[PDB]
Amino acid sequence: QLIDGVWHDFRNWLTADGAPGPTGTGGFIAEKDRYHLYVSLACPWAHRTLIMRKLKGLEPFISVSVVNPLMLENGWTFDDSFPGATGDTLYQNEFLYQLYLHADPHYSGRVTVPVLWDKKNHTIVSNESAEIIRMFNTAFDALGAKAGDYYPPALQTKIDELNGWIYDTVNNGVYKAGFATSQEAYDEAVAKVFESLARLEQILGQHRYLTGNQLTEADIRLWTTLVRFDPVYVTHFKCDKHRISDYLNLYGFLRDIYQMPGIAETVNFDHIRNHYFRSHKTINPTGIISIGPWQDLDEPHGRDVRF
């Protein structure tokens, strides 16, 4: 935590014309060589932002820094000793909270990934992943982004509806199971996880993706939890009733997005498993990383022909 500007223990919109979005300030016009993502490869929220960058072909426009997977007493850090942890490749800060202080040195609240950072004004555009992926969706189209709209008007209300119960019962739902303070809270969170997986399995037996045969952001947001579920949540958070590999549709959906060009390289299981097992000392005091459930995400899925 950061309390009135020191360490104990941002809702602007990037926009095609530079007009402010529906919250925050304006002056964040889309353009090359200006904007930067600070992420962990471990964090499913930050991961959404990396997936949207690959699908929208934003590599030439958005540079990236990867914080160390080990999130200790200092929160996220720029220690660069772990492969694919890059350091702060902008200012070579040492701690993520530094970028936050630089933007607002009386800042009160959490120091989270991802952060969308403006290299021109040295400040933070956003640290809301749900909104960063909406920017990436359209803000660079005129500049040459790849075609695709992952939040198109006709699906927005279905999308928002999905995002709401997936966030609560699945994205966040695993954390509620894993960090439950009591048996009773654990039972209730984990039951909800699995009751939602069952509902998802049925949806994904009707068509390719959650809303039908188009890929949307609701898919992406589900997917970054799914891809972490067998390697971490099953054992580490004790969501162990079934593995994603036991569901015909969820596992096919897992593999279908995994195998989209560019997506696999966004997935670093070393960061993922080191982060969760070694960082959560209140649930895993030993810091031992489990060998982890067997799976093979490269096996053909057939969901492209089936649907």
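Note that residue numbering begins at 1 and tracks the sequence as displayed.
- The stretch of deposited sequence separating residue 9 from residue 10 contains 10 or more residues lacking coordinates in this entry.
- Comparing 95 to 103 with 136 to 144, the higher mean C-alpha B-factor in the PDB entry belongs to 95 to 103.
- Taking the PDB entry as given, 23 to 31 carries the higher mean Cα B factor of the two stretches 235 to 243 and 23 to 31.
- Out of 271, 54, 36, 281, it is 281 whose C-alpha atom has the highest B-factor in the PDB entry.
- Considering 267, 257, 248, 70 together, the PDB entry gives 70 the largest C-alpha B factor.
- For residue 293, the recorded CA temperature factor ranks within the middle third of the chain's modelled residues.
- Among all modelled residues in this chain, the alpha-carbon of residue 74 has a temperature factor (C-alpha) in the highest third.
- The PDB entry assigns residue 150 a C-alpha temperature factor belonging to the lowest third of its chain's modelled residues.
- Ranked by Cα temperature factor within the chain, residue 167 sits in the middle third according to the deposited record.
- In the deposited entry, the Cα temperature factor of residue 209 places it in the lowest third of its chain's modelled residues.
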